[PDB]
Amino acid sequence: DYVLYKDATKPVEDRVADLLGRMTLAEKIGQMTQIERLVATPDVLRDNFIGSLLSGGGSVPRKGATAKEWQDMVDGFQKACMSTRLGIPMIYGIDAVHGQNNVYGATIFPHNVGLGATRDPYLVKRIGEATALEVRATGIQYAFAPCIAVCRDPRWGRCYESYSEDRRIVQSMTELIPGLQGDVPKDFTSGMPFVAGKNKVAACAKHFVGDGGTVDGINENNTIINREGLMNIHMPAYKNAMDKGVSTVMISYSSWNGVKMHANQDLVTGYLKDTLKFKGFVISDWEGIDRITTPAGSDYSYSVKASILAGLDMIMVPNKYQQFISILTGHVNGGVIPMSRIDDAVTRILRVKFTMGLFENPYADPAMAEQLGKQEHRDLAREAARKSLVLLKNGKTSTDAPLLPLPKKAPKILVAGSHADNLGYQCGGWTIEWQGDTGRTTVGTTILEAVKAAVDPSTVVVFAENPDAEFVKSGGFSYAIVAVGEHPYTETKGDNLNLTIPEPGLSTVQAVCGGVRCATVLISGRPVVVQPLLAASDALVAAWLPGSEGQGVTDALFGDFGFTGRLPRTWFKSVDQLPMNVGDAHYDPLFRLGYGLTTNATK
């Protein structure tokens, strides 16, 4: 007879209700399971009724795989899922945190800390629209972004994934959501999940909650603060996400006053679902429930019981799916976990799938392949990189002539430094590989290539990665551009207590600037000990992690556009002042939040 749930013309809540009622326990638990592509097989997806798949950082079909190879891989998996009794399509997720970053040839936008320096929410909304098209170009429909953490201590390895230490800026940057998912209707009800169509993707606000406020910036550790402080610093952005229809929310590994977020029913069910009225589904982090205990994974049975009762809806296992499914089934059969909780989770997961049109368009669009790395997107990234640059110093003394903007025509100039010709360093973490990489890992323009593309044909450009002092003095250069900074890092490997750039870095700046007027470009994911660098150079620019379009840096260096960026974080004098944020009593910074010198166009 007539099957309601398959009727595309019926309202979403009806299709969900009709489908839920036909499902067996095995099929329901299947929808709550997300596994890595590395352990997926057509048989596994079919026999276990899997509901979702993902690619962790660096998990790709092949190195250098084209957009069509990605589409074929995703469709292959979807084929299996659609061949099940009920034909429920799977949803594929990936970390597209600054462009479709796991993919070769995808446009790489500046990381969030830099985007905060632009104070331009409209720009970020456009990046969201471009990112969605590039994710859809590879057949993927779900992005694990944006991270709306409020980094309160730069020693944290993920501070660069945070827009600012000021929650007001983070709130305005939630405009990324409507860019990724599409604008919500006028009749929209805060808390409902929303996705416009096949050229948009479901978004994910992470990590709930207080992930950027851990002690000493230790990744995944404990956030010690009172409820009121939690509610006015770390929670605000989540309410904004609700008003914009964010489809899902990911739970943090961190704990609040000793309680693991992955087991906190007060905040997950009590606040997020019952108070904020969130109607999308809640997903865990990678092996998030395993780390509820210590050691991790030492009592998986308890992990499943605690997280599911706490209120999670989908579990990013992501490898040992047999144990997860077996243990969860046991708890239900034993009455330890009520069927209503299961039904609630599956209802939320299906609501999102039906709303985004998954049942009507389960496969990839071969025509979208041309969207990967298109010039219009690169021009946008270029504009973003340029607006994210913060000019900290322009002339050694107040009576010195301004070094920037530099003239495009000069007899001979010098480009030096470890970061002057290294695309990987320029992109930082979450680029191609999980931790990022060194060298030419994808398609883009380095700072050296940008300079050569900008100067007058009569200008002689000489490159030297680490020149000694007399090479510089006898070279007869008009000026030099030196680029140095941090190396790529992600998550815990990013936790740093000293916050000083690696060598050679300071020595290169000293050797070069000692011989000729120099403009120093600092590449980093956060503020670092800068005094020495500041003392040696005539001009210093904070470029953060600009991404693949290096011409964004030179557009401002040679005067095509003026500097407009402003500090999104507080720049400390020394690490023992930390934590130190705008508002504190001991607030004595080297540069205050909002600081930034400017210039006007034309060299």
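Each residue number is its position in the shown sequence, starting from 1.
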query	finding
Segment of higher mean CA temperature factor, 408 to 416 or 364 to 372	364 to 372
Mean Cα B-factor comparison, 490 to 498 or 299 to 307, giving the higher one as deposited	490 to 498
Criterion, highest CA B-factor; candidates, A469, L86, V124, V282	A469
Highest-ranked of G157, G197, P178, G429 once sorted by CA temperature factor in the record	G197
Third of the chain, ranked by Cα B-factor, where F572 sits	highest
Assigned third (lowest, middle, highest) for the C-alpha B factor of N48	middle
Where the record places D379 (Cα B-factor, split into thirds across the chain)	lowest
For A536, the third of its chain into which the C-alpha B factor falls	middle
Chain-wide C-alpha B factor ranking for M231, given as lowest, middle or highest third	highest
